[PDB]
């Protein structure tokens, strides 16, 4: 359903150069998971019914960063400012989504297709649209389905983003990594979900909800058994997420 806008040759040149610089920066700084979280929280405010929110640069606003669910994302925005300044032609919206795509790539994940042209919008969406870690499948469908317009498959695949990174007791309150290799993008999130609670690894109530839902569970099983299938569905879902409200 996408009709991507035209951007100038200079814009495309900046996208390509920024992608390279983001690889080096994100790898060196060890901030891939934080950048993926930034991209997801930027995009995840989209409401399809009103066509409000989504990946339009508003997460840079102190007002949006102050949202409870966005604790710690001010670090991500600050980390990217010097590099963003080297690419003044790029929108913040494109830059943050490119950082999310790069975060997945540098940690060994699939290559998520990227299309430039998001415009920075003036007003942050209302607070409270982002997923709630303490709730289950009904709420996941409310957020990803009813608001964002993504599928049940997308929900499970995107939950696999937790294969990189960790929670922090000072941010959400939850604490620790989902996987034994929090800078490696693979299907281990699903493997860990299936094996039960191993010592030192995190499972949110929202992660656990995937195991007991009739639609989500077969997907968990599939991804645990078949990393290639996970990578394919993940790339599809991440692309859709990164493009909510954009190019239709």
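Positions refer to the first chain, counted from 1.
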Which is higher in the entry, the mean Cα B factor of 113 to 121 or that of 89 to 97?
-> 113 to 121
Which is higher on average in the deposited entry, the C-alpha temperature factors of 148 to 156 or of 123 to 131?
-> 123 to 131
Whose C-alpha has the highest temperature factor in the PDB entry: 232, 9, 15, 225?
-> 225
Can you tell me which of 221, 28, 186, 207 has the highest Cα temperature factor in the record?
-> 221
Going by the entry, which third of its chain does the Cα temperature factor of residue 33 land in?
-> lowest
Using the B-factor values recorded in the entry, state whether the Cα atom of residue 39 falls in the lowest, middle or highest third among the modelled residues of its chain.
-> lowest
Among all modelled residues of this chain, ranked by Cα B factor, put residue 107 in the bottom, middle or top third, i.e. lowest, middle or highest.
-> lowest
Thinking about Cα B factors across the chain, which third does residue 165 belong to?
-> lowest
Among the chain's modelled residues, which third holds the C-alpha B-factor of residue 177?
-> middle
